[PDB]
């Protein structure tokens, strides 16, 4: 009965209310990333330049939406009108950098938890890509390429914003073969985006959409979990 069960699981995941737990997971991981990139002085830095620190995290937390607006010519500022989102994001940021005894940070970096957060984040990423594709389809019905790129921007735009932040923080530097970091994330966002676009135009995808959705989420979680448990071979 798998294929009837799987179909239900897919519709299940696809209907999950992301706010506020799946969103918070993404914010937490995003803040941890900004904190890791800030260095050993991260805490001193955050206490001396809170506005800058807060900004660095908000930009990364909503990177996909900023890039998306940029591509579509919508006010870059748009995302900041999701008051609930910005508030939740600022609270997480406050907790990650300033919780007493740094408990939040310590709890979030404990492997079992970081792993649970990563799963929730992948679920949320899949939703961002799908939403991005749907939004693009409503604006440019016949532009398959735009639809795909927008979907990818919503799912992997953090890379662009990171560069922007490292330039503004004066730390950007070439990345010419320092280490071998095998990341399939953005390539996976491309595939997911194409798949959702095709699905939206009912073409090569004859499979039940709720099942395809399950597979996309499944692959995201897989590749993500693989890189977390491993280091160089999956």
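Residue numbers count along the first chain shown, from 1.
Enquirer: Comparing 66 to 74 with 172 to 180, which has the greater mean CA B-factor as deposited?
Expert: According to the entry, 172 to 180 carries the higher average C-alpha B-factor.
Enquirer: On average, which has the higher Cα B-factor in the deposited entry, 148 to 156 or 111 to 119?
Expert: If you average the C-alpha B-factors of 148 to 156 and of 111 to 119, the larger mean comes out for 111 to 119.
Enquirer: Based on what the PDB entry reports, which of 28, 167, 192, 42 has the top C-alpha B-factor?
Expert: Out of 28, 167, 192, 42, the record gives the largest C-alpha B-factor to 42.
Enquirer: Looking at 55, 34, 188, 205, which one carries the largest C-alpha B-factor according to the PDB entry?
Expert: Answer for 55, 34, 188, 205: 205, with the highest C-alpha B-factor.
Enquirer: Which third, lowest, middle or highest, does the C-alpha temperature factor of residue 125 belong to within its own chain?
Expert: For residue 125, whose C-alpha B-factor we compare with every modelled residue in the chain, the answer is the lowest third.
Enquirer: Please rank the C-alpha B-factors of the chain's modelled residues and tell me whether residue 24 sits in the lowest, middle or highest third.
Expert: Its C-alpha B-factor, which the entry lists for residue 24, ranks in the lowest third among residues of this chain.
Enquirer: Name the third of the chain's ranked CA B-factors that contains residue 80, choosing lowest, middle or highest.
Expert: According to the entry, residue 80 has a C-alpha B-factor in the chain's highest third.
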